Each structure stands twice: as C-alpha cells, then as structure tokens.
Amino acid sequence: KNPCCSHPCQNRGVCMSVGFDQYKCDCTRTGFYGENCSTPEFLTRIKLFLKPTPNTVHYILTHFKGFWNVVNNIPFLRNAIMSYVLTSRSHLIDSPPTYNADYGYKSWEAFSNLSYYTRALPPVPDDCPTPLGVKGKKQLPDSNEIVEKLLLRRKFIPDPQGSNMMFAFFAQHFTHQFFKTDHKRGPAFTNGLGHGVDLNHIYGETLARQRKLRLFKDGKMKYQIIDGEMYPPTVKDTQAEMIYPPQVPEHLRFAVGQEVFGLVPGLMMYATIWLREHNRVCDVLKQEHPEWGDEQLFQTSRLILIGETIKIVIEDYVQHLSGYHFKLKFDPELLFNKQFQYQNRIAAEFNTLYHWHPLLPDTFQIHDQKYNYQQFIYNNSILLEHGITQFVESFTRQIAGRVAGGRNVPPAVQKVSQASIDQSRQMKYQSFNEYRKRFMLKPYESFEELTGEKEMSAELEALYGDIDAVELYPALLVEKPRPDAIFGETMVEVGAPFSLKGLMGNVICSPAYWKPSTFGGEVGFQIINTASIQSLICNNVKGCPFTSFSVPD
C-alpha cells in the first residue's frame, strides 16, 4: 500500500507519502533533482565523471609501494591524504542521527532516545507488498537454509591477508564496548549509551559498577596477583556481576567492565592487558603529579587510555585490514579546519556488518595445546595455566579465517549466524543493494556479479529469485573478496565511514579536549601519541613478546 515501499527516492533523497496513492521526494542538498532525485545537477555531473571507482582507488592504495614510501615520509602529503580520507568517509554518516527501528521518518523520539541503535537506512514500512519493499518473493527464504548453503564452513579458509587471533580477539574486545545489544528488550536496542569509544568495557557502563571495580587508591582499578602477575579481581571481591555458568568456580570468576568478557579467554586476555595499562598510567601520572588525588588520577588515566585505543585502532588495526601501503595517522588536528561534528550514534547496520564469525578458527592453539569451543568457552583457568605472554605469542601465530567469500562460518556458531539474519528481519532492514546505493556504490546486477562465481550465486538465485532481494548480512559474507583480501568491496565502503566517524567523532578529538593539560600534561599526552599494539603489549606483558595483527612471514 504505502507508496514509499519501492524506495523510489535516490541519492539520499527523502521519501514522503502524499495521500494514499502518491509520494514526494525531498531532494534537498542531494546534488540531484527530478521526481526521484535521479537527475544530477550540472556540478554533480562533473564530480561523478571524475569520481574514481572504489576498486580503482583500492588498487592505487594497495600498489606503487615506492611512491607511498615517499608520501608517508613527507608529513604535508601524509596529512593532506589522511584528511581527505577522514572527511570523505564520515560525510556518508548522518550526524546528528536520524532514523531507528521504530521510525522511518525524522522524529524527536528517534533523535533523543539513546537506547536505540540508529539506522543508516530507515526500516521498511510495515505494510509493503514484500518484506524488503516491492522486490523479491512474498516471503524471505528460510534463514537456516541460507546459513547451511552459503555460510557454514566446510573447510577452514585462512585469511589471505594473514590476520591472526590477536586481531580477531581485539576486534571482538574493542567493538563490544559499543555493540552491546540489549536482547532483553530487542535487537533494536543497546546498553551502550555512550554510543562510542568510552571504554565502558573496562570501566563499567554505570557509575555504580565503576565504583565496584575501582581501588580508590592512586586512581587504580582493583586487581589480584597470581604467579607474580596482575589479573582482574573476582566477582566475590567486587560485587560486580558477570555472566558465568554455575559450574565456573568463584576464584575464576573474573570481574571486568563488560559483563560478558568472561565468555572467552581471548577477551579476558585483552581485559587483563588493558587493566594493567590503566594502573600503569596511574603510576606514571602519580610520579608526574604527587599532589593529585585518587579521583583525578582515575579520570585522567581513563582519558589517556581512550586516546591510546583510538590511536591503536587507526594506526595498527584499521591499517592492517585496509592493506594500504599508505600509513594511516591518528591526528585530531587534521579536522580543526574542516566541518565536522564531534558526536556519534552507533548504527544497527554497523553492528550487523561487524558479525565477523568466519574469523573464528576450528580450534584455539595455545602453546602446544588445542582447544575446541566446548573447552575454551568460559574457561579462565586456561588463561592462568599459560599466562598472558604465552597467549600473545600463540595468538600472534595462529591464523584467522577469511570473512568474505562465503562458506567459512564455524558450525559451532551456526545459530549466531542465523540470528543475525532473523534479527535484521525483525528490524526490517532494506536490501543489500539498497545499502550499496546508500553508500555511493553501484548495485549488483546479478548473483554472479556479487559472488564472482557460479556455485554460490546459483544457490542465491534459487533462494532469493531477484538480486535486489538479497539481504545485507548474507551478501556481505558471500561477496567476492578483493584480491587476496579478507573483505569484499561493500564491507569496507560501508564499514569505514561508520568506523572513522566513531573514532574521530570522539570528544577527546575535539579542540577543547585535544591538548596536553587534558591528559595530565606533556608526559600523559605523549603516552597517547606513541601508543601501538606492540607498545601496549610490551608495557604490560612480561618478556615484551613480539606481536602484530598478522601472522609472521
């Protein structure tokens, strides 16, 4: 019935019903006119003709290494390039945010209610001819059949880019401070009201929890000392609730900022390292400020660690997955002369696309031991047996799975993968092709074009019938990867805007915050601008083991 069900408005124009039988497109500031915002005004024809395709730009960034080695070493060029990267990427994000699961039109409820994920595309209206709008069959395919035929791993497919378990667990640990789906009320809702990198997965989401985890001496967080090494405190000692199955003995019930980080020893590894880092920075600041009290020591350490996080994400983590010969830079000053909003709201689609379960290995190799999922899960004694050093050394050397390219989701997390499909349907996601359009990509014209292959594409056809009916999550995981890359085109072109906006949008990157006095002075400031994944481990892990997000060659 609803005339906007066909999504007729192109190029980010806004659809609106005008009576029962008609719609109107609001083309305001799209760069297009016409009844569907599909006629480029003169200046847009210029930009469009000159705009190089993402696969073209990816090629340039991933070749000509000698050229990039020069660019990387003349700050003016490196600054200029990193700047354009930042501004052109984040330009694709609505800020202040707009839609959520319950509102396909602008509303104060959608704007102001922080309990919702925001939405990059509005939900499909409730009464449309087909679940995605007007394209596809009256009912979407069985999600289980989708997972089995297209997603489930037959043979482990290693990541060609060489991503390891340090990468995989960093990704899980980092993103779960802002992907905290509140399933008690629905997939549309989040428990992370900071909607960004606030490090609540270390410090706790609420003040009450933070007070349970803090030592209230020297700004430090509570800990226990096992084998001369520092670990998180217990649930018993903190009264900070955690999710642990009954059979987990209480001395192994570690208490950390995020309730679920006891699920995997890989997560508890990072929680332990970051906890050490907090108390390390406390020691540094106390030496620099012996007049300071516990509260200021705590708050300043937190701000610094937020800065470390952001620095490491851009210059080690995003750097790794990009494959760029160009050296990414964390530098808030790049935006001080640019139009940029220092705020962000976590999008549900960003959550969906970050469901990188194919990364997970068939078993976890630590030292000379292999653990299946039954053995690894909720087993902190594994962490204690080997220690963090061995954990880093092993995880640095174990390869992760390729995310794109299909058929690499471990059967152990089958239902998780199916849930991603089901929940996206509950939240009335639009199609994969609509999301490509939303981020200035050409929609795929056929199933074979999407996969670059004849087998899986054929399965997609028999299930979906129309290429415009393929859903966001499955299509991201079966898309043709870029040459020897972990991801396909759409993952990166949709992902990076969400990510870079979230990172640079952080309040500490704003002019009023980005100054030495915010971080306790010059020494504190320096801790941020010299941070790396290697330094994070070297400072907090015994023996200073080598580490990296890729397996050594």
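Start at 1 and count along the sequence shown; that's the residue number.
**Q** Could you settle it for me: does 226-234 or 99-107 have the higher average Cα B factor in the PDB entry?
**A** According to the PDB entry, the answer is 226-234.
**Q** Is the mean CA B factor in the deposited entry higher across 55-63 or across 480-488?
**A** Comparing averages over the C-alpha atoms only gives 55-63.
**Q** Say you rank 272, 344, 87, 279 by Cα B-factor from the PDB entry; which sits at the top?
**A** Result of the comparison over 272, 344, 87, 279: 87.
**Q** Just to confirm, going by the entry's C-alpha B-factors, which of 196, 290, 262, 358 comes out highest?
**A** When the deposited C-alpha B-factors of 196, 290, 262, 358 are compared, 290 is largest.
**Q** Lowest, middle or highest third of the chain for the C-alpha temperature factor of residue 544?
**A** For residue 544, the deposited C-alpha B-factor lands in the middle third.
**Q** Split the chain's modelled residues into thirds by Cα B-factor; is residue 34 in the lowest, middle or highest one?
**A** For residue 34, the deposited C-alpha B-factor lands in the highest third.
**Q** Going by the CA temperature factor in the PDB record, which third of the chain does residue 532 belong to: lowest, middle or highest?
**A** Ranked within chain, residue 532 CA B lands in the lowest tercile.
**Q** Using only modelled residues of the chain, where does the Cα B factor of residue 351 rank: lowest third, middle third or highest third?
**A** Lowest third - that is where residue 351 ends up once the chain's C-alpha B-factors are sorted.
**Q** Should residue 517 be placed in the lowest, middle or highest third of its chain by the C-alpha B factor in the entry?
**A** Its C-alpha B-factor, which the entry lists for residue 517, ranks in the middle third among residues of this chain.
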